[PDB]
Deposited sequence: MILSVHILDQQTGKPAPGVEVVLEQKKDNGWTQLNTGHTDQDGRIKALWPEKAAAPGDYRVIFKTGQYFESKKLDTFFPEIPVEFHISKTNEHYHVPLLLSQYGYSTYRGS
């Protein structure tokens, strides 16, 4: 199992650097597996480095509220959580974020 994220700032058309991202797993609420920060190219390649994982519900929380605060920009979102389910645990999963101040998009990248 590999989990990658990358954030794209839609206001600038450039990647969003230094954004905190929290990875969680749904247990019998949610529990932290890892916490990372997006690099110069707005990426966290191994979130989650290549290791075996149990299937089930996962979550990434993009700390984008703190990101816009440091730029002195207003935003609709205090943070952006993305819930996803993994049944094929062998695969590399990309969960990108297309970030605007008052809107966003996310998907399997794959």
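Enquirer: According to the record, which stretches of the deposited sequence lack C-alpha coordinates?
Expert: No C-alpha coordinates exist for 29, and that is the only such stretch.
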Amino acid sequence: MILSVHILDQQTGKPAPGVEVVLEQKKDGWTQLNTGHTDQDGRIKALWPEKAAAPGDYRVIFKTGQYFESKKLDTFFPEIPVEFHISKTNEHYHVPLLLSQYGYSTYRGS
From here on, numbers count along this sequence of modelled residues.
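Enquirer: Which third of the chain holds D28 when residues are ordered by C-alpha B factor: lowest, middle or highest?
Expert: Answer is highest: the recorded C-alpha B-factor places it there.
Enquirer: Taking the C-alpha B-factors as the PDB entry records them, is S100 in the lowest, middle or highest third of its chain?
Expert: Answer is middle: the recorded C-alpha B-factor places it there.
Enquirer: Lowest, middle or highest third: where is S70 by C-alpha B factor in its chain?
Expert: Middle third, going by the recorded CA B-factors of the chain.
Enquirer: For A52, return the chain-relative third of its C-alpha B-factor as stated in the PDB record: lowest, middle or highest.
Expert: Within its chain, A52 is a middle-third residue by C-alpha B-factor, going by the deposited values.
Enquirer: Per the entry's values, where does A46 land by CA temperature factor relative to the rest of its chain, in the lowest, middle or highest third?
Expert: Tercile = highest for this residue's CA B-factor.
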